[PDB]
Amino acid sequence: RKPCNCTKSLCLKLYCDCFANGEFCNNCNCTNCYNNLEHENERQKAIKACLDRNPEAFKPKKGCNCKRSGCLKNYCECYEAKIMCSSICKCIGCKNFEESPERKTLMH
DNA sequence: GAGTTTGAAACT
DNA sequence: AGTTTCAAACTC
Ligand SMILES: [Zn+2]
Ligand SMILES: [Zn+2]
Ligand SMILES: [Zn+2]
Ligand SMILES: [Zn+2]
Ligand SMILES: [Zn+2]
Ligand SMILES: [Zn+2]
């Protein structure tokens with residue numbers, strides 16, 4: 001959906017949101033893109049290396065480790081997904097919980 | 001547009 | 001676990 005602007009990763013790593021969502025890049029702004037039909041062999045390699053690192057990498061779709069955002073900035077994957085942090089999050093200084101004032105203020 | 005900040009993903 | 005890399009979020 002939204003264009004990636006990768007240069008260094010070739011869009012063959014999870015730093016690339018297009019590749020992380022199991023898509024070919026389309027109309028993106030990436031450089032040296034391998035996330036496409038023209039690089040099928042090398043792309044397949046990246047996929048399996050990506051997968052044996054974590055077998056759930058491309059599972060149909062746990063917790064943040066934010067230090068400085070307070071989890072009220074879109075650096076927090078919880079906040080970006082517009083959901084609350086949970087017990088599994090290893091946040092520090094988390095202000096992204098139900099009864100949080102700052103969260104409520106930033107909500108309006 | 002440039003430069004800084006951030007934390008997941010990667011690497012050692 | 002500590003460190004580096006990376007592309008996006010953010011700030012100016
Ligand atoms: Zn990309
Ligand atoms: Zn892309
Ligand atoms: Zn790409
Ligand atoms: Zn967070
Ligand atoms: Zn969280
Ligand atoms: Zn949090």
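Below, chain A is the first sequence line, B the second, and so on; all start at residue 1. Computed over heavy atoms, backbone and side chain alike; hydrogens, waters and symmetry mates excluded.
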Rounded distance (Å) that lies between atom [atom2] of [N] and atom [atom1] of [X]:
X	N	atom1	atom2	value
A:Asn96	B:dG7	CG	P	12 Å
A:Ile92	B:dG7	CD1	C1'	12 Å
A:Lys73	B:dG7	NZ	P	9 Å
A:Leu72	B:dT6	CG	P	14 Å
A:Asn5	B:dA2	CG	P	14 Å
A:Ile88	B:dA8	CD1	P	12 Å

(request) Could you check if a side-chain atom of A:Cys25 sits within less than 4.5 angstrom of a side-chain atom of A:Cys4, using non-hydrogen atoms only? (result)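 Yes, side chains in contact.
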
(message) What I'd like to find out is whether the side chain of A:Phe58 reaches to under 4.5 Å of the side chain of A:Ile47, using heavy atoms alone.
(response)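 They are in side-chain contact.
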
Should [X] be listed as having a side-chain N or O under 4.0 Å from OP1 or OP2 of [N]?
X	N	value
A:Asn54	B:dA9	no
A:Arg53	B:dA9	no
A:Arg68	B:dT5	no

(request) Starting at OG of A:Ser100, measure out to CE of A:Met84 and round the result to the nearest 0.5 Å. (result)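 Rounded to the nearest 0.5 Å, the OG-CE separation comes to 9.5 Å.
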
(message) Would you compute the distance between atom CG of A:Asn26 and atom SG of A:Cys18 and round it to the nearest 0.5 angstrom?
(response)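 So the CG of A:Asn26 and the SG of A:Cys18 are separated by 8.0 Å.
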
(message) Checking A:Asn29 now: which residues fulfil side chain to side chain contact (heavy atoms under 4.5 Å, CB included) with it, not counting sequence neighbours?
(response)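 Applying side chain to side chain contact (heavy atoms under 4.5 Å, CB included) to A:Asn29 gives A:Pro3, A:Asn5.
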
(message) With a strict under 4.0 Å distance from non-hydrogen atoms of chain A, what nucleotide opens and what nucleotide closes the contacted stretch of DNA chain C, reading 5' to 3'?
(response)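 The contact span of chain A on DNA chain C goes from C:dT5 to C:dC10.
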
(message) Whether A:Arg103 engages the ring of A:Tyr79 as a cation-pi pair (distance to the six-membered ring centre under 6.0 angstrom, angle to the ring normal within 45°) should be assessed.
(response)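 No cation-pi geometry.
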
(message) Once hydrogens and angles are ignored, does a donor-acceptor distance under 3.5 Å link the base of B:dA8 to the side chain of A:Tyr15?
(response)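 Result: no qualifying N/O pair found.
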
